[PDB]
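What follows is one chain in structure tokens, specifically the form deposited in one PDB entry.
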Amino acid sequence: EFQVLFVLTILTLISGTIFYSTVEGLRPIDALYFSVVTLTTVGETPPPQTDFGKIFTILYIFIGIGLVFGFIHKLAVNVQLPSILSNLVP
């Protein structure tokens, strides 16, 4: 499960990285950062400058937020929880 969500999230981020680096002309690292803060709703970034960027962002958000949060919902509950939980055992 966690393995799958990880894959789906990575592919989603890869797509955003390629899109933004090409259409908005961002360096790869900035394109990945934009993709990440967008899908997690953190939004610490100015908006895309092109209409293509805006249209894609709208669609990217609706399709990717569900996935990204489903993944985060497992990263801390199915992997990060026990580590400290089972560790909460005397």
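Superpose the two forms; the largest set of C-alphas matching within 1.5 Å is the rigid core. Note that residue numbering follows the sequence shown and begins at 1.
Given 61 to 69 and 27 to 35, the range whose Cα B-factors average higher in the PDB entry: So the stretch with the higher mean C-alpha B-factor is 61 to 69.
Given 13 to 21 and 70 to 78, the range whose Cα B-factors average higher in the PDB entry: Looking at the record's C-alpha B-factors, the answer is 70 to 78.
If you look for the form deposited in another entry, you will not find it shown, but the lines that follow are about it.
Did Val23 shift 2 Å or more between this form and the one not shown, C-alpha, core superposed: No; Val23 is a residue whose C-alpha shifts by less than 2 Å between this form and the one not shown when the cores are overlaid.
Large Cα move at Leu75 between this form and the one not shown, threshold 2 Å, rigid core: Yes.
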